[PDB]
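What follows is one structure encoded as structure tokens, with my remarks underneath.
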Number of protein chains: 6
Amino acid sequence: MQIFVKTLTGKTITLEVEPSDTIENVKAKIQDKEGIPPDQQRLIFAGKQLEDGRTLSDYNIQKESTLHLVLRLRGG
Amino acid sequence: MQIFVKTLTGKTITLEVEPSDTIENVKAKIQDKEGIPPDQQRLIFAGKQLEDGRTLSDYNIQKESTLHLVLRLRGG
Amino acid sequence: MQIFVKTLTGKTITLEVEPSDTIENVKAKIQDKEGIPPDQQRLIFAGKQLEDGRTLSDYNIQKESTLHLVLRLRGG
Amino acid sequence: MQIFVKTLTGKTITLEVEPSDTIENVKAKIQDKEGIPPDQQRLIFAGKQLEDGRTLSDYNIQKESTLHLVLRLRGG
Amino acid sequence: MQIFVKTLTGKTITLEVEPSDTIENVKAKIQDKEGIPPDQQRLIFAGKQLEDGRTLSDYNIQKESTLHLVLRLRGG
Amino acid sequence: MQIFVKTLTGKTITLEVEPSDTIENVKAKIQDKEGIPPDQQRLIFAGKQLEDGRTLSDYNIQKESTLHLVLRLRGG
């Protein structure tokens, strides 16, 4: 299914995910598409910081949902 | 000379640079310190988007100058 | 009641609506106020893409809620 | 506990709060740290405008949540 | 010549233009292709908000240049 | 001379100023009207972030010019 991922300045991309993906899986998909390492990524939905081991379904994130990506800004 | 690079989450770093340094050299220092791939960094100074292939002197970047660093999240 | 509509740049407007208004109603108000064709509008609340046939009530959108507008650069 | 407060431009700060803090108390903490008068503050969580007399725990706002701040201005 | 008009949703609009074309001419093409009235478009090049009656050559917009297009709703 | 100061919420502030007025003078006038401290104000004109100690004339700001005012929270 399609979701959207938005940065702090409003830049928005699409991403293909499944409801059973863990948040860590989603970050890996973001790495495939954009080259951002998963340990540099923080994901947010509806104000809530998302935890790596939980799934999209766990959070009730459905198709065409928008997640927010913020960088963690850690050493290379 | 020392310059400042700021982010929207409030992490500021200093870099030690020369006027002859290229923008791509600055971006490499930023990936080393903050983990952002260079192709995903956008730097703004004096209203301009700083481009690889130019030097700091081309934008009149000087000691104490402050650059604004944001995530590009390029493509769609 | 008043609601707020936020765009990707952060520019925000206010609309006067009713809880029983449909998502398509709201897109028609945006067209009336600003000239944006409804078929070019995606509306989002709390991360969820909102469906045309449903109402603000269905989504628990109360007074002084903030919705997001993103353009569908072509979307029929 | 820590929360994030994001502005219209994307600029984000962290704030130390407690679950039992009222929304008014949180606006006052923002005033202490940033000088913005509480009267000039709207706070939003998952699209909902937060009401001064209720607590963060009433809204189920947990650690590492992101709130949005928008200024209430006059304009003449 | 071609210029590239980029959007916050990552859609790049390629336009066939002449240096003698005005910003109004560019906005008119965007209205026809994407449905956004010119009054609700803002175009950025070199940090400047581009004025309707000025030409591409006046802004030193050359072949293969990139412009940033954002939705600009108007009003409170 | 009159200048106009626009905000992302659509509240436009009209100021009576002189070309020799410094940006810090202007920001104090905005604080008088709206309550936002100067360190929390950024003004954009011609793509530049206007510097406190410089004059309106330094940036070629003249009668009926429009400035963009945005909230700038400080720190991490």
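Lettering and numbering for the structure tokens are positional, with chains as A, B, ... in the shown order, residues counted from 1 in each chain, and ligands counted from 1 in the shown order.
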Least-squares superpose chain B on chain E across all ordered C-alpha pairs, then write out what you get as a short mmCIF file (atom, residue, chain, number, x, y, z; two decimals) with N, CA and C atoms, in the first residue's frame.
data_model
loop_
_atom_site.label_atom_id
_atom_site.label_comp_id
_atom_site.auth_asym_id
_atom_site.auth_seq_id
_atom_site.Cartn_x
_atom_site.Cartn_y
_atom_site.Cartn_z
N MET B 1 13.96 27.33 -24.73
CA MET B 1 14.74 26.56 -23.72
C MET B 1 13.85 25.83 -22.72
N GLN B 2 14.36 24.72 -22.21
CA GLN B 2 13.63 23.91 -21.24
C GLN B 2 14.02 24.24 -19.80
N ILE B 3 13.03 24.53 -18.96
CA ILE B 3 13.21 24.72 -17.51
C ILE B 3 12.41 23.69 -16.73
N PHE B 4 12.72 23.56 -15.44
CA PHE B 4 12.07 22.61 -14.55
C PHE B 4 11.35 23.38 -13.48
N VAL B 5 10.17 22.91 -13.14
CA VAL B 5 9.40 23.46 -12.02
C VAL B 5 9.13 22.35 -11.04
N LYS B 6 9.55 22.55 -9.80
CA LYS B 6 9.38 21.53 -8.78
C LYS B 6 8.42 21.96 -7.70
N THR B 7 7.78 20.97 -7.07
CA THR B 7 6.86 21.14 -6.00
C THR B 7 7.30 20.31 -4.77
N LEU B 8 6.73 20.66 -3.61
CA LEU B 8 7.07 19.99 -2.36
C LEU B 8 6.59 18.57 -2.29
N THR B 9 5.58 18.22 -3.08
CA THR B 9 5.13 16.83 -3.16
C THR B 9 5.88 16.00 -4.20
N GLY B 10 6.85 16.58 -4.88
CA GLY B 10 7.72 15.80 -5.73
C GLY B 10 7.21 15.66 -7.16
N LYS B 11 6.21 16.43 -7.54
CA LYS B 11 5.83 16.48 -8.97
C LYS B 11 6.63 17.56 -9.69
N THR B 12 7.48 17.13 -10.63
CA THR B 12 8.30 18.02 -11.45
C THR B 12 7.69 18.04 -12.85
N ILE B 13 7.61 19.23 -13.42
CA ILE B 13 7.29 19.38 -14.81
C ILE B 13 8.38 20.14 -15.56
N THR B 14 8.42 19.96 -16.87
CA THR B 14 9.29 20.79 -17.70
C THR B 14 8.40 21.76 -18.46
N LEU B 15 8.91 22.95 -18.70
CA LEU B 15 8.25 23.88 -19.60
C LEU B 15 9.26 24.32 -20.65
N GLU B 16 8.74 24.61 -21.86
CA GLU B 16 9.54 25.14 -22.96
C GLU B 16 9.21 26.65 -23.06
N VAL B 17 10.22 27.44 -22.79
CA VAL B 17 10.07 28.88 -22.58
C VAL B 17 11.15 29.63 -23.34
N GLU B 18 10.98 30.94 -23.47
CA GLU B 18 12.05 31.83 -24.00
C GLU B 18 12.46 32.80 -22.91
N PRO B 19 13.68 33.34 -22.98
CA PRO B 19 14.10 34.31 -21.98
C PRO B 19 13.16 35.50 -21.91
N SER B 20 12.49 35.81 -23.02
CA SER B 20 11.60 36.94 -23.01
C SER B 20 10.22 36.61 -22.42
N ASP B 21 9.95 35.36 -22.04
CA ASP B 21 8.64 35.06 -21.53
C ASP B 21 8.44 35.73 -20.20
N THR B 22 7.21 36.17 -19.96
CA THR B 22 6.95 36.76 -18.68
C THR B 22 6.60 35.75 -17.61
N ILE B 23 6.73 36.15 -16.35
CA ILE B 23 6.38 35.31 -15.27
C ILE B 23 4.90 34.95 -15.33
N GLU B 24 4.03 35.90 -15.69
CA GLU B 24 2.64 35.55 -15.78
C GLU B 24 2.35 34.49 -16.86
N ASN B 25 3.07 34.53 -17.99
CA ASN B 25 2.96 33.44 -19.02
C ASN B 25 3.35 32.05 -18.42
N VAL B 26 4.44 32.00 -17.64
CA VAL B 26 4.88 30.76 -17.01
C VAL B 26 3.80 30.27 -16.05
N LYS B 27 3.21 31.18 -15.26
CA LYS B 27 2.17 30.79 -14.34
C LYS B 27 0.92 30.24 -15.06
N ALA B 28 0.60 30.81 -16.22
CA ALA B 28 -0.51 30.29 -17.04
C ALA B 28 -0.19 28.87 -17.50
N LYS B 29 1.06 28.57 -17.88
CA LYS B 29 1.39 27.22 -18.27
C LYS B 29 1.26 26.27 -17.08
N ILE B 30 1.67 26.74 -15.90
CA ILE B 30 1.55 25.94 -14.69
C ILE B 30 0.08 25.68 -14.31
N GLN B 31 -0.82 26.64 -14.49
CA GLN B 31 -2.24 26.37 -14.19
C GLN B 31 -2.74 25.30 -15.18
N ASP B 32 -2.32 25.39 -16.44
CA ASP B 32 -2.78 24.44 -17.44
C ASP B 32 -2.34 23.02 -17.09
N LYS B 33 -1.09 22.88 -16.64
CA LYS B 33 -0.53 21.55 -16.35
C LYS B 33 -0.88 21.01 -14.98
N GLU B 34 -0.94 21.90 -13.97
CA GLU B 34 -1.01 21.51 -12.55
C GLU B 34 -2.21 22.06 -11.80
N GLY B 35 -3.03 22.85 -12.46
CA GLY B 35 -4.26 23.35 -11.87
C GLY B 35 -4.26 24.41 -10.83
N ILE B 36 -3.12 25.02 -10.57
CA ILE B 36 -3.06 26.03 -9.52
C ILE B 36 -3.45 27.38 -10.13
N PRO B 37 -4.43 28.09 -9.56
CA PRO B 37 -4.69 29.43 -10.05
C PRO B 37 -3.45 30.30 -9.99
N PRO B 38 -3.22 31.13 -11.01
CA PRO B 38 -2.00 31.94 -10.93
C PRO B 38 -1.85 32.81 -9.67
N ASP B 39 -2.94 33.35 -9.14
CA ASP B 39 -2.85 34.17 -7.93
C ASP B 39 -2.51 33.37 -6.69
N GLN B 40 -2.51 32.04 -6.79
CA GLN B 40 -2.15 31.17 -5.69
C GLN B 40 -0.80 30.50 -5.90
N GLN B 41 -0.06 30.87 -6.94
CA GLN B 41 1.28 30.29 -7.15
C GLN B 41 2.33 31.24 -6.63
N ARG B 42 3.31 30.72 -5.89
CA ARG B 42 4.52 31.45 -5.64
C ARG B 42 5.72 30.66 -6.19
N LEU B 43 6.53 31.35 -7.00
CA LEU B 43 7.72 30.79 -7.62
C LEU B 43 8.96 31.45 -7.02
N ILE B 44 9.93 30.61 -6.65
CA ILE B 44 11.19 31.07 -6.08
C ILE B 44 12.35 30.59 -6.97
N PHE B 45 13.28 31.49 -7.28
CA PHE B 45 14.47 31.18 -8.05
C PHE B 45 15.55 32.17 -7.57
N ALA B 46 16.74 31.63 -7.30
CA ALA B 46 17.89 32.45 -6.88
C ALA B 46 17.59 33.27 -5.64
N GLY B 47 16.73 32.73 -4.79
CA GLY B 47 16.34 33.35 -3.54
C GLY B 47 15.27 34.40 -3.72
N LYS B 48 14.87 34.68 -4.95
CA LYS B 48 13.89 35.74 -5.23
C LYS B 48 12.51 35.20 -5.43
N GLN B 49 11.49 35.96 -5.03
CA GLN B 49 10.09 35.63 -5.38
C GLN B 49 9.82 36.22 -6.74
N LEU B 50 9.49 35.39 -7.71
CA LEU B 50 9.32 35.86 -9.11
C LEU B 50 8.03 36.62 -9.27
N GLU B 51 8.10 37.76 -9.94
CA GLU B 51 6.91 38.62 -10.00
C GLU B 51 6.38 38.75 -11.40
N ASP B 52 5.05 38.76 -11.54
CA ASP B 52 4.42 39.19 -12.79
C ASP B 52 4.98 40.56 -13.21
N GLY B 53 5.05 40.79 -14.50
CA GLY B 53 5.58 42.04 -15.02
C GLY B 53 7.06 41.96 -15.24
N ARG B 54 7.68 40.81 -14.93
CA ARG B 54 9.10 40.62 -15.19
C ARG B 54 9.24 39.49 -16.16
N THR B 55 10.39 39.40 -16.80
CA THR B 55 10.66 38.27 -17.68
C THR B 55 11.61 37.29 -17.00
N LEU B 56 11.69 36.11 -17.58
CA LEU B 56 12.62 35.08 -17.13
C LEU B 56 14.06 35.61 -17.16
N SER B 57 14.40 36.37 -18.20
CA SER B 57 15.74 36.98 -18.33
C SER B 57 16.07 37.96 -17.21
N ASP B 58 15.06 38.60 -16.62
CA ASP B 58 15.27 39.52 -15.53
C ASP B 58 15.84 38.84 -14.30
N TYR B 59 15.63 37.53 -14.18
CA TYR B 59 16.14 36.74 -13.05
C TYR B 59 17.27 35.82 -13.47
N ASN B 60 17.75 35.96 -14.71
CA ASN B 60 18.83 35.13 -15.24
C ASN B 60 18.43 33.66 -15.28
N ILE B 61 17.14 33.39 -15.46
CA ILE B 61 16.64 32.02 -15.68
C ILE B 61 17.04 31.59 -17.10
N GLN B 62 17.63 30.40 -17.17
CA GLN B 62 18.29 29.88 -18.38
C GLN B 62 17.89 28.45 -18.58
N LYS B 63 18.37 27.85 -19.66
CA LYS B 63 18.13 26.42 -19.88
C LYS B 63 18.58 25.65 -18.65
N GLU B 64 17.79 24.65 -18.26
CA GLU B 64 18.07 23.74 -17.12
C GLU B 64 17.78 24.36 -15.77
N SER B 65 17.39 25.63 -15.74
CA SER B 65 17.08 26.23 -14.44
C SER B 65 15.91 25.53 -13.79
N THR B 66 15.91 25.52 -12.45
CA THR B 66 14.88 24.86 -11.65
C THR B 66 14.17 25.91 -10.78
N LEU B 67 12.87 26.04 -10.97
CA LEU B 67 12.04 26.94 -10.15
C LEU B 67 11.32 26.17 -9.06
N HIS B 68 11.14 26.81 -7.91
CA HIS B 68 10.44 26.18 -6.82
C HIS B 68 9.07 26.75 -6.65
N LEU B 69 8.07 25.90 -6.84
CA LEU B 69 6.65 26.26 -6.86
C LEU B 69 6.00 25.81 -5.56
N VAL B 70 5.37 26.75 -4.88
CA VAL B 70 4.58 26.49 -3.67
C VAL B 70 3.22 27.21 -3.76
N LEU B 71 2.24 26.64 -3.03
CA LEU B 71 0.95 27.26 -2.83
C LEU B 71 1.00 28.44 -1.91
N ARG B 72 0.50 29.57 -2.38
CA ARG B 72 0.45 30.80 -1.59
C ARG B 72 -0.59 30.81 -0.46
N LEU B 73 -1.82 30.43 -0.79
CA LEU B 73 -2.95 30.47 0.10
C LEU B 73 -3.05 31.85 0.63
N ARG B 74 -3.34 32.78 -0.25
CA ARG B 74 -3.16 34.15 0.15
C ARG B 74 -4.30 34.69 1.00
N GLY B 75 -4.00 35.80 1.64
CA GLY B 75 -4.84 36.43 2.65
C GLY B 75 -4.70 35.75 4.00
N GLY B 76 -5.67 35.99 4.86
CA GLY B 76 -5.71 35.36 6.16
C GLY B 76 -7.00 34.57 6.31
#
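For chain F, backbone-based DSSP assignment of strand (DSSP E) covers residues 2, 3, 4, 5, 6, 13, 14, 15, 16, 41, 42, 43, 44, 45, 48, 49, 66, 67, 68, 69, 70 and 71 of chain F.
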DSSP on the backbone: which residues in chain B end up as helix (DSSP H, G or I)? Give the answer as a PDB file with C-alpha atoms, in the first residue's frame.
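Result file is selection06.pdb:
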ATOM      1  CA  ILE B  23      30.357  23.128  -1.168  1.00  0.00           C
ATOM      2  CA  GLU B  24      30.802  19.407  -1.721  1.00  0.00           C
ATOM      3  CA  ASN B  25      33.729  19.399   0.821  1.00  0.00           C
ATOM      4  CA  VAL B  26      31.430  21.122   3.392  1.00  0.00           C
ATOM      5  CA  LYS B  27      28.719  18.536   2.732  1.00  0.00           C
ATOM      6  CA  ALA B  28      31.250  15.714   3.314  1.00  0.00           C
ATOM      7  CA  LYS B  29      32.108  17.259   6.694  1.00  0.00           C
ATOM      8  CA  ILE B  30      28.392  17.437   7.507  1.00  0.00           C
ATOM      9  CA  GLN B  31      27.852  13.736   6.626  1.00  0.00           C
ATOM     10  CA  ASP B  32      30.800  12.877   8.907  1.00  0.00           C
ATOM     11  CA  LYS B  33      29.388  14.876  11.840  1.00  0.00           C
ATOM     12  CA  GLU B  34      25.607  14.545  11.331  1.00  0.00           C
ATOM     13  CA  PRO B  38      25.390  14.637   0.729  1.00  0.00           C
ATOM     14  CA  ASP B  39      22.698  14.127  -1.955  1.00  0.00           C
ATOM     15  CA  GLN B  40      20.090  14.622   0.777  1.00  0.00           C
ATOM     16  CA  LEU B  56      32.332  29.236  -0.061  1.00  0.00           C
ATOM     17  CA  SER B  57      33.857  32.475  -1.470  1.00  0.00           C
ATOM     18  CA  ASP B  58      31.422  32.367  -4.388  1.00  0.00           C
ATOM     19  CA  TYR B  59      28.610  33.059  -1.884  1.00  0.00           C
TER      20      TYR B  59
END
